[PDB]
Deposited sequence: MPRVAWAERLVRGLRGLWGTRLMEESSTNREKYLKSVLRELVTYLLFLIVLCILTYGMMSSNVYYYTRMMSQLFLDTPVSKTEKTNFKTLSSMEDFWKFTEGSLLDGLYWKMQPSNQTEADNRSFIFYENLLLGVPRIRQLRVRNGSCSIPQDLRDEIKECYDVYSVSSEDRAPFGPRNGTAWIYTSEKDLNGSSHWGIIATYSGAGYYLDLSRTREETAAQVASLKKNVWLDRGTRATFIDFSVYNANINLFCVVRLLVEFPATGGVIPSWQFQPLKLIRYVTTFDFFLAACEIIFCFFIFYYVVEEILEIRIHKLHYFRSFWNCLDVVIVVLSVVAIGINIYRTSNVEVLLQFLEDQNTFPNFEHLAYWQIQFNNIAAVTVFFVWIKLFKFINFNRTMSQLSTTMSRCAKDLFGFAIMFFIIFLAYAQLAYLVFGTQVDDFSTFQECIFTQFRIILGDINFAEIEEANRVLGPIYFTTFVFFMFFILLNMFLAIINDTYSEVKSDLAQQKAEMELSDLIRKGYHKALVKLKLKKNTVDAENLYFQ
């Protein structure tokens, strides 16, 4: 018992040191106010009205001419700021290099006009795919904006947008350091008709740097031009910390990174020495599976932070020439992947803390309750999600062309979780379909929220009463 308590004590203090080091590392991932660095950029570029007589945003673009009014107007008035040269956005954020506008095109004849309509309609342009993509030169043909450049040649990568996944290739134009040259270039693209019926996407990419808080911010504005016509705007404001060793707390964060990877080396050694004793008996446990998940996610985090996130070859390459476009699209991608991995790792490391709070009879009753009802809650989770996805496919077939919240199948699932909580927009459901809007909503509230929601609760009630009346009979019958 003293050796069991000694081993529990040393693994507890090991885990507590590990949890302290990890919570220090994610204290330095989040600087104190980066939200007020992304929302000023967002409200400068997305929320300002496009022209002085227009009320459209970037968020509410609806046409191609609104996109030209944005590119000639709010984009140029946001990027270029007159000095008290080169532009400091909000007189703080240095615009790095030049921005870049890039277009993706589909071919004429990339779809098939039906045989009874080949007299009336001459041309058709398919939805964006890589097979449908246009490689031909067009327009005046005398620049990089008019000639196709491959994905390998403009150092790009695939972007996952709202209606398609867009290749990193296309028809790009790097802009200029000053507003007047850039306005001349945008007017020369609009005059020669650069965006037409074959256009399926337009990317606007630039990067700023804040010397005060030492953060880059990689901006990507995407406008998707569907085959149906119109405009779907999308944006991405992504901060990067690419220059690490500036302040003392950054050196302490580097020290905690080293101490963290020593902890992860220790846990990988420990779980390998535990799994070698017994093979499939190791996975007949929840905590060994959770330790496997933690060390896999942590090795993936160390791998991203070595081979991807800390490869600032493009930054030193940009610091040679300030008149080019800085390719920060890969650093931002792997910073997003690293933040997702690290957040999920911190989550499961806090879930691991439940090995060490069976310190009491009450906590042991709670733990025994949920471990004994896990199987029956999983069975009813299967049954619940069968009825839940039946309703989601019903709602997708009924409202999928009319309602924003039901437009894709996963959005139907997430909308139903919101309906179960109470986040409804029933006005648009009830005006999309006036008979099955009502019937869908009322039968989903009755059969899910009144009845099947209470069945998880019934499983937990019965298991808690069983565990209490069993561990009380065990406590009494030993005392008799």
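Colleague: Can you give me the gaps, meaning deposited-sequence stretches with no C-alpha coordinates, in sequence order?
Modeller: Absent from the structure are positions 1-29, 114-121, 518-547.
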